Novice: 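Sharing a structure with you now.
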Amino acid sequence: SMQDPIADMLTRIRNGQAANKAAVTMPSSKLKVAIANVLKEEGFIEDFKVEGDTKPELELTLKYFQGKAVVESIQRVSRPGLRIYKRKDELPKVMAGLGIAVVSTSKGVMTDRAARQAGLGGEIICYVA
Amino acid sequence: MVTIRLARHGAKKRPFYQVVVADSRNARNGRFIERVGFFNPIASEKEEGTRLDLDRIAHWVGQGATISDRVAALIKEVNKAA
Amino acid sequence: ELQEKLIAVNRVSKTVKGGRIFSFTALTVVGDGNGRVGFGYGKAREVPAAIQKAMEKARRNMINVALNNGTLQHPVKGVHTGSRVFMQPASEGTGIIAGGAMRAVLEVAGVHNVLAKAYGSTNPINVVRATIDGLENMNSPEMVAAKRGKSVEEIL
Amino acid sequence: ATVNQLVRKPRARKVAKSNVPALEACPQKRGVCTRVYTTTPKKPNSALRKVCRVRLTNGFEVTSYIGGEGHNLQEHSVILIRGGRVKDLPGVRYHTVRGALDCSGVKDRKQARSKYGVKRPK
Amino acid sequence: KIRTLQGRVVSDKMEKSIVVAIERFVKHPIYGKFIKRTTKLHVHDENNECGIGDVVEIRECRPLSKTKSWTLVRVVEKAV
Amino acid sequence: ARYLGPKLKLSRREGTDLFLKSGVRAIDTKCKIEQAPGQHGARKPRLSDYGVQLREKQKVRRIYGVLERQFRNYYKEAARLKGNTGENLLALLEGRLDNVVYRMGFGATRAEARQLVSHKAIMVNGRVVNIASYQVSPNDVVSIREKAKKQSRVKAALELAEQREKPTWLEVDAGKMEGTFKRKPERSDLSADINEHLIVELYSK
RNA sequence: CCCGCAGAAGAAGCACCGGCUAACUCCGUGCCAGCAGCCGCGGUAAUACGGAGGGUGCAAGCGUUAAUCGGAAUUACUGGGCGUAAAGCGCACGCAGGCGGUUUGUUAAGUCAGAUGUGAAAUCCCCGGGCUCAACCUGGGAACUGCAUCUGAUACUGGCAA
RNA sequence: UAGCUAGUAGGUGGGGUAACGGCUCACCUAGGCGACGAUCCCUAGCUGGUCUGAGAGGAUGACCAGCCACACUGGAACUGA
Ligand SMILES: [Mg+2]
Ligand SMILES: [Mg+2]
Ligand SMILES: [Mg+2]
Ligand SMILES: [Mg+2]
Ligand SMILES: [Mg+2]
Ligand SMILES: [Mg+2]
Ligand SMILES: [Mg+2]
Ligand SMILES: [Mg+2]
Ligand SMILES: [Mg+2]
Ligand SMILES: [Mg+2]
Ligand SMILES: [Mg+2]
Ligand SMILES: [Mg+2]
Ligand SMILES: [Mg+2]
Ligand SMILES: [Mg+2]
Ligand SMILES: [Mg+2]
Ligand SMILES: [Mg+2]
Ligand SMILES: [Mg+2]
Ligand SMILES: [Mg+2]
Ligand SMILES: [Mg+2]
Ligand SMILES: [Mg+2]
Ligand SMILES: [Mg+2]
Ligand SMILES: [Mg+2]
Ligand SMILES: [Mg+2]
Ligand SMILES: [Mg+2]
Ligand SMILES: [Mg+2]
Ligand SMILES: [Mg+2]
Ligand SMILES: [Mg+2]
Ligand SMILES: [Mg+2]
Ligand SMILES: [Mg+2]
Ligand SMILES: [Mg+2]
Ligand SMILES: [Mg+2]
Ligand SMILES: [Mg+2]
Ligand SMILES: [Mg+2]
Ligand SMILES: [Mg+2]
Ligand SMILES: [Mg+2]
Ligand SMILES: [Mg+2]
């Protein structure tokens, strides 16, 4: 079954970028929408929309720069099999700060840099590069 | 009996004493309740060579701890110095 | 100004009807010491012809690497076939710490300070291919900011 | 491989087996020589290799190779044996220390004297 | 405001006593997985009021028997 | 605990002048400098990567007259210290008392400076210091002792230091035969034919 | 510890030199004697055996043996695999266990933040001080990645309700 | 090594201890522990630490300091804070 819906979204992004698709769609959820906001604010995707009321569909427009995918690697870190939680002083930085790690803190999901600046730790959703 | 005495540390021929409060039954370098200073009998000039936390000494003496004669001499010398 | 190093020479055989025919291979790496490094293979009957064929091939087939003051921008992993290579930046004065095949390519490319490790097969031909591939797949703050549509400090 | 599987059965290192069990984690062992003889080597090499059967102080009975050119050893000679096996000689896993209790330094050696128990010539 | 534990009743057969499970959620030292761990305690309940399956709050006190050193404070959700 | 063998042998093996003699004579008129020692010196060596690292380490050690155990301790200290490990190792070597007295010129060679230090002829901050590996500090003043001031070797050594380049970091008054170690030398103040990075990697192995 | 006397005067060895691995020639021997950590050497030109000359590496030490970790990502949590190289149960049902689509509320167990207590001293680390230097000794700090209690946060996970 | 356990699990009362307590006894209930490894067998003093490792770890517990145990072997009490 679909035990990990967040990983499903990342995989759709990864496979769609590999297949040079203009946009990708997936069933929505507030956690997915909250991650998509972080991706857009960090410039890894162009834009996103939510469509429908009874079965909301989330749609992300992917992003290319030199006919190349902006998201080079995007991997799930905390997974249902093994949850990962970091304290404020252990928040990872990916690609020496060039990328981002999405961290869910008590104040909503944000990037590792923002959470570090806000002095919080939390669950590590994924690494984006 | 709680007592305040010197535990001999340092190297051969260069004694360095740790002023410690401890139960009288334990070994000289054995388990101690608290460390309250140090004494250096070989210290050169411009080195203090003797530091005691007088407040802690007073606290423990008020609880009834005895004082070794050597550390009693140190207290008097320090109180004379300042 | 291009700097060139012979990494490995090997003697191969063909086993023709009359017997074994022996020929030699070379492995060479050339670089400008300032971010351009290429490798050539080179194969010939005699060792001098082999090393010469390799160097000429290496002068072309050369790529550019976004170096950072003689050091890597960020940790990178490179895998060719059975060799997996890990290289991460280090502080000035650390030296180039790496296996022999990686040592030559990093020296010639101009990476003065790197910590490196080779996992899997250490076959020189594939190790060099894997480290070059890893170095090319290493982006810089300006190009990542341009790609992400922001400024450098906004990325920091 | 799965973490769940590892929690139920942790990874279990293979225990290293020693190659000189008679020594029993000791640098050298003393023993008396039961029989001194010469045996032929394995297939690639051809020579007469001098070996001795030794009963060690711990009960173990082993065969120790005698290095160097020439030896004065016979039955009831007490010797010191150290680890190390002469590859092309099946069964032999130890070397007798020359210059030990009864093994004597090889006569007229000049290079590598320390290995063969030869005092420095005057 | 005292230290206390909450658990579930695994057995009520003994007279004036019960055994409770105080299962806790802890991370594994090596692999990092969070695993449930269960600790069984023999608990004292005067009035013999605790039935199996109840959730109970317990407190630690002086030894009352060879194996029993905890006493019941109150039953939580007595329904079974 | 010291190299008491022939000195120019080492320079020939390393292929360069190691300043093991006073300098009154051309080293090439003193030996076949461009040929390796021994029966097989004529052969040009095709030394490997381990070979080149080893040769650089030996060059530095033979320049300063230091044995390997002490040299390895210097590397550990340099690695522990903050900053560039290679430049720290050269700063530590320069700080040695024998090198310092040789630099201010109270000695024709580092061995000659070593004998002067060993025979209680050198004072630092007015205290006679007899240890060759003593580490000198900035603002320290190193002086020749009074009884040893009348040594003809010391006078001749000062004249020889004239021909060599004057070290920037240390200021010397020859009339008083005393010098002040003003500061730790930087890398640029030292010779540019030392490949310290090779030594750092050699201990990385 | 300081001063004086005499006189270079009383004071250098051990391993290695085929490749890995820094350092090569001659003579003896002739699948013998022997060497050997691994690959291998030796059958009349041996840089691999034995001696010599030369050289390299360490040095009041230098080699050998034993033992632990490393290299070994060769138990792989970090950090591996399973078509043919070792490796998918012959197949299925299924209890314990592991995992759980979406929305709201509540809870605050995991998680996170802060505070408090404790985490002996020594040791390791940082800045210093004292033995002529160093080893050694020593002042202050950091650390002791832990545990418990209290106070807050509600994203995520869990519980409860819909 | 898959079952182990009759003072065994709990309760009431008496005795006992500096002190709570199957610590002991009588009566009563029939329990208790175990697949989150009981029981059985082999090995072993434990820790701060030491060594190795980039780290995570691995090996280890000489010296120094804390705690335990033992004093030819087995048992027992006496005196005493
Ligand atoms: Mg391999
Ligand atoms: Mg085994
Ligand atoms: Mg020494
Ligand atoms: Mg060589
Ligand atoms: Mg040999
Ligand atoms: Mg010959
Ligand atoms: Mg050899
Ligand atoms: Mg030979
Ligand atoms: Mg070994
Ligand atoms: Mg390992
Ligand atoms: Mg494998
Ligand atoms: Mg097959
Ligand atoms: Mg198969
Ligand atoms: Mg099948
Ligand atoms: Mg099924
Ligand atoms: Mg769910
Ligand atoms: Mg569940
Ligand atoms: Mg909580
Ligand atoms: Mg401590
Ligand atoms: Mg000092
Ligand atoms: Mg200290
Ligand atoms: Mg919730
Ligand atoms: Mg919830
Ligand atoms: Mg009573
Ligand atoms: Mg009773
Ligand atoms: Mg009890
Ligand atoms: Mg025992
Ligand atoms: Mg024991
Ligand atoms: Mg490792
Ligand atoms: Mg242990
Ligand atoms: Mg002992
Ligand atoms: Mg006793
Ligand atoms: Mg006895
Ligand atoms: Mg007795
Ligand atoms: Mg009494
Ligand atoms: Mg009594």
Side-chain angles (χ1 to χ4, degrees), chain A residues 1-3 5 27 29-31 34 78 80-81 83 85 87-88 104-109 119-123 125, chain B residues 9-11 14 16 29-32 35 38 40 42-44 47 51, chain C residues 84 115 119-120, chain D residues 1 3-4 6 10-14 20 23 25-28 44-48 67-69 82-84 86-88 95 97 109-112 114-115, chain E residues 1 3 11 13-17 19 24-25 27 30-32 34-38 42 62-68, chain F residues 1 4 37-40 47-48 50-51 54-55 67-69 73 97 124 127-131 133-135:
Chain A
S1 302
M2 187 175 301
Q3 256 112 98
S29 70
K30 54 184 178 182
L31 187 50
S78 154
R83 302 289 184 179
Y85 307 106
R87 280 151 40 81
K88 182 252 301 180
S104 177
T105 68
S106 208
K107 316 267 285 305
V109 11
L120 294 190
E123 181 173 319
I125 303 179
Chain B
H9 286 97
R14 315 198 88 213
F16 188 91
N29 297 131
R31 124 181 185 173
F32 59 92
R35 177 188 164 274
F38 69 88
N40 194 9
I42 304 203
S44 48
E47 279 194 349
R51 190 189 303 172
Chain C
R84 299 159 188 85
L115 299 169
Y119 300 110
Chain D
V3 275
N4 230 30
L6 293 178
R11 303 237 184 247
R13 349 214 316 103
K14 52 233 174 182
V20 280
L23 252 38
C26 300
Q28 305 92 9
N45 318 334
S46 180
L48 263 354
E69 287 179 307
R82 55 169 239 268
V86 275
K87 186 194 177 67
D88 65 357
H95 282 56
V97 186
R109 271 297 282 259
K110 309 303 173 184
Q111 307 282 21
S114 178
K115 296 186 172 179
Chain E
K1 192 64 193 64
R3 293 184 58 258
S11 150
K13 317 198 65 56
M14 302 161 300
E15 44 191 24
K16 291 275 186 167
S17 183
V19 72
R24 61 234 153 81
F25 206 63
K27 184 174 68 70
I30 306 178
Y31 305 112
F34 290 85
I35 61 174
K36 301 181 201 172
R37 295 278 95 187
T38 312
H42 296 217
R62 75 178 177 90
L64 315 139
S65 179
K66 176 168 183 171
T67 202
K68 163 169 49 181
Chain F
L4 311 180
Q39 177 177 144
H40 302 282
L47 69 192
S48 57
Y50 171 69
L54 176 66
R55 291 332 297 175
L67 293 200
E68 181 63 24
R69 171 66 51 86
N73 294 339
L97 187 49
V124 314
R127 288 173 172 81
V128 27
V129 168
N130 207 43
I131 159 81
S133 48
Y134 180 87
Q135 204 78 199

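Residue numbers start from 1 in every chain, and the chains themselves are labelled A, B, ... in the order their sequence lines are given, proteins ahead of strands. Keep in mind that the numbers below use all heavy atoms, side chains included, and drop hydrogens, waters and symmetry copies.
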Novice: Mind calculating the distance between NZ (D:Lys110) and P (G:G50) to the nearest angstrom?
Specialist: 14 Å
Novice: Identify which nucleotide among G:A155, G:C99, G:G53 has an atom closest to any side-chain atom of A:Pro80, counting heavy atoms from C-beta outward.
Specialist: G:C99
Novice: Output the rounded distance in Å from CD1 (E:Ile35) to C1' (G:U111).
Specialist: 17 Å
Novice: Should the side chain of A:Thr105 and the base of G:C112 be counted as holding a donor-acceptor pair, with the cut-off at 3.5 Å?
Specialist: no
Novice: Taking any strand in view, what nucleotide pairs with G:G37 in a Watson-Crick or G-U wobble way, both distances under 3.5 Å?
Specialist: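 Paired with G:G37, as far as the under-3.5 Å criterion goes, is G:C20.
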Novice: Could you tell me which nucleotide pairs with G:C156 by Watson-Crick or G-U wobble geometry, both distances under 3.5 Å, or answer none if nothing does?
Specialist: G:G110
Novice: Is G:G40 paired with G:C147, either Watson-Crick or G-U wobble, both distances below 3.5 Å?
Specialist: no
Novice: Please produce a list of atom pairs where a protein N or O lies less than 3.5 Å from an N or O of nucleotides 55-66 of chain H.
Specialist:
residue	atom	partner	partner atom	Å
H:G66	OP1	B:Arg31	N	3.1

Novice: Kindly point out which of G:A67, H:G21, G:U65 is positioned nearest to the side chain of E:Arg62?
Specialist: H:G21
Novice: Return the 5'-most residue of the pair D:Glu69, E:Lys36 with respect to RNA chain G, ranking by each residue's nearest nucleotide.
Specialist: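 With D:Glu69 and E:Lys36 compared, the 5'-side residue is D:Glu69.
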Novice: Based on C1'-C2'-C3'-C4', put the sugar of H:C36 on the north side (positive) or the south side (negative).
Specialist: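 On the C2'-endo side: south.
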Novice: Taking a positive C1'-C2'-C3'-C4' angle as north and a negative one as south, how is the sugar of G:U74 classified?
Specialist: south
Novice: Counting any heavy atom closer than 4.0 Å, what does A:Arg87 reach on the DNA or RNA strands: base, sugar-phosphate only, or nothing?
Specialist: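 Sugar-phosphate: the residue A:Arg87, judged by heavy atoms under 4.0 Å, touches backbone atoms but no base.
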Novice: By nearest nucleotide on RNA chain G, pick out whichever of A:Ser29 and D:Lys115 is the more 5' one.
Specialist: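 Going by which nucleotide is closer to the 5' end, it is D:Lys115.
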Novice: Please look at the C1'-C2'-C3'-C4' dihedral of G:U75 and say whether its sugar is north or south.
Specialist: south
Novice: Counting side-chain heavy atoms from C-beta on, which of G:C32, G:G130, G:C99 comes nearest to A:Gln3?
Specialist: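 Among the listed nucleotides, the one closest to the side chain of A:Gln3 is G:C99.
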Novice: Which base, if any, makes a Watson-Crick or G-U wobble pair with G:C99, both distances under 3.5 Å?
Specialist: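 No nucleotide pairs with G:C99.
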Novice: What nucleotide among H:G10, G:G110, G:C136 has an atom nearest to a side-chain atom of B:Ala11?
Specialist: G:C136
Novice: To the nearest 0.5 Å, what is the distance between CG (F:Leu54) and CG (F:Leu47)?
Specialist: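 Result: 9.0 Å between the selected atoms.
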Novice: My understanding is that a pair needs two contacts under 3.5 Å, Watson-Crick or G-U wobble. By that rule, which nucleotide pairs with G:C133?
Specialist: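 Check on G:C133: unpaired, no WC or wobble geometry under 3.5 Å.
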Novice: Distances for protein N/O vs nucleotides 147-152 of chain G N/O pairs under 3.5 angstrom?
Specialist:
residue	atom	partner	partner atom	Å
G:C150	OP1	E:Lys1	NZ	2.3

Novice: Kindly say whether G:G117 and G:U47 qualify as a Watson-Crick or G-U pair under the rule that both distances are below 3.5 angstrom.
Specialist: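 No, neither Watson-Crick nor G-U wobble.
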Novice: Just the table, please: protein N/O against nucleotides 55-58 of chain G N/O, every pair under 3.5 Å.
Specialist:
residue	atom	partner	partner atom	Å
G:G55	OP1	F:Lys9	NZ	3.4
G:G55	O3'	F:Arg13	NH2	3.3
G:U56	OP1	F:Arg13	NE	2.9
G:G57	OP1	F:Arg55	NH1	2.7
G:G57	OP2	F:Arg62	NH2	2.8
G:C58	OP1	F:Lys57	NZ	2.7
G:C58	OP1	F:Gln58	NE2	3.2
G:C58	OP1	F:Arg61	NH1	3.4
G:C58	OP2	F:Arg61	NH1	3.4

Novice: Classify the nucleic acid contact of D:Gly67 as base, sugar-phosphate or nothing, counting any heavy atom under 4.0 Å across all strands shown.
Specialist: sugar-phosphate
Novice: So, C:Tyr119 and G:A73: ring centres less than 5.5 Å apart, planes less than 30° off, yes or no?
Specialist: yes
Novice: Which sugar class, north or south, is indicated for G:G43 by the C1'-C2'-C3'-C4' dihedral?
Specialist: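 Positive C1'-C2'-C3'-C4' torsion, north pucker.
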Novice: Looking at the paired bases, is it major-groove or minor-groove atoms that lie within less than 5.0 Å of the side chain of A:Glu123?
Specialist: minor
Novice: Answer with yes or no whether D:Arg11 presents, from its side chain, a donor or acceptor under 3.5 Å of a partner atom in the base of G:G80.
Specialist: yes
Novice: Which part of the nucleic acid, if any, lies within contact of D:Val3, taking any heavy atom under 4.0 Å across all strands shown: a base, the sugar-phosphate backbone alone, or nothing?
Specialist: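 The residue D:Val3 makes no contact with any strand.
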Novice: Where the side chain of E:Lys13 is concerned, which of H:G32, G:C31, G:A36 is the nearest nucleotide?
Specialist: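 Of the candidates, H:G32 comes closest.
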Novice: Mind listing the N/O atom pairs, protein and nucleotides 104-107 of chain G, below 3.5 Å?
Specialist:
residue	atom	partner	partner atom	Å
G:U104	OP2	A:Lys30	NZ	2.5

Novice: Taking the nucleotide of RNA chain H with the closest heavy atom to each, which residue, E:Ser17 or E:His42, is nearer the 5' end?
Specialist: E:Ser17
Novice: Pick north or south for the sugar of G:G90; the rule is positive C1'-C2'-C3'-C4' for north, negative for south.
Specialist: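 North.
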Novice: What does the list of N/O pairs under 3.5 Å between the protein and nucleotides 5-14 of chain G look like, with a distance for each?
Specialist:
residue	atom	partner	partner atom	Å
G:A12	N6	F:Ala1	N	3.4
G:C14	OP1	D:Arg113	NH2	2.2

Novice: If G:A12 has a Watson-Crick or G-U wobble mate with both distances under 3.5 Å, name it; if not, just say none.
Specialist: none
Novice: From C-beta outward on D:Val20, which listed nucleotide comes closest to its side chain: G:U111, G:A67, H:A54?
Specialist: G:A67
Novice: Are side-chain heavy atoms of A:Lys88 and A:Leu120 found at a separation under 4.5 Å?
Specialist: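 When only atoms from C-beta onward are counted, A:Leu120 and A:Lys88 do not touch, as no gap falls below 4.5 Å.
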Novice: Does the B:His9 side chain pair with the main chain of B:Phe16, one donor and one acceptor, at a distance under 3.5 Å?
Specialist: no
Novice: Pairing check on G:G140: which nucleotide meets the Watson-Crick or G-U wobble criteria with it, both distances under 3.5 Å?
Specialist: G:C126
Novice: With the side chain of D:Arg109 defined as its heavy atoms from C-beta on, choose the nearest nucleotide among G:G50, G:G100, G:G139.
Specialist: G:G50
Novice: Tell me the partner of G:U25, counting only Watson-Crick (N1-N3 plus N6-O4 or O6-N4) or G-U wobble (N1-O2 and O6-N3) with both under 3.5 Å; none if nothing fits.
Specialist: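 Because both required distances fall under 3.5 Å, G:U25 counts as paired with G:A52.
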Novice: Measure the distance from NZ on D:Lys14 to P on G:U75 and round it to the nearest whole Å.
Specialist: 5 Å
Novice: Write down the distance between CD (D:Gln111) and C1' (G:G54), rounded to a whole number of angstrom.
Specialist: 12 Å
Novice: Applying the Watson-Crick and G-U wobble criteria at under 3.5 Å, what pairs with G:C77? Answer none if nothing qualifies.
Specialist: none
Novice: Heavy atoms from C-beta onward define the side chain here; which of G:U65, G:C131, G:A113 lies closest to that of A:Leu120?
Specialist: G:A113
Novice: Is G:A15 base-paired to G:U56, counting Watson-Crick or G-U wobble with both distances below 3.5 Å?
Specialist: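 Between G:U56 and G:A15 there is a Watson-Crick or G-U pair, with both distances under 3.5 Å.
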Novice: In which stems does RNA chain H show up, taking only runs of three or more Watson-Crick or G-U wobble pairs whose two distances fall under 3.5 Å?
Specialist: H:3-5 with H:31-33, H:8-15 with H:23-30, H:45-48 with H:64-67, H:49-52 with H:57-60
